[PDB]
């Protein structure tokens, strides 16, 4: 119902960041969650998703081997651990929820996600 992210910031190339999103408010059950990113001046693009129970995950091509999505079902939180970042990973990162999907991880389509956080900025330098 309510999503709030945290953990972004400025990081050196090759560095790591851990984003987290808090699910608060009226929730009646578990639901699908995913992470998207909006590069400066571009559109939102799929990064990773995770199923209601946290048992199944799905990753975009650019995220394979580098990022890990997880969730803590007790706290109602999902996290995106981002390792070995490079400058074109610079974006606002949004956690989104697909409240309609009964099973499986999220799809890679933005329009399947109806609930969105406010986003956390992620800048990857080049020094």
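Numbering follows the first chain given and starts at 1.
Where do the C-alpha atoms have the higher mean temperature factor in this entry, in 83-91 or in 70-78? It is 70-78.
Looking at the entry, does 34-42 or 50-58 show the higher mean C-alpha B-factor? Mean C-alpha B-factor is greater for 34-42.
Entry-reported Cα temperature factor of residue 24, expressed as the chain third it lands in: Its C-alpha B-factor, which the entry lists for residue 24, ranks in the highest third among residues of this chain.
Split into thirds by Cα B-factor across the chain's modelled residues, where does residue 107 land: lowest, middle or highest? Ranked within chain, residue 107 CA B lands in the lowest tercile.
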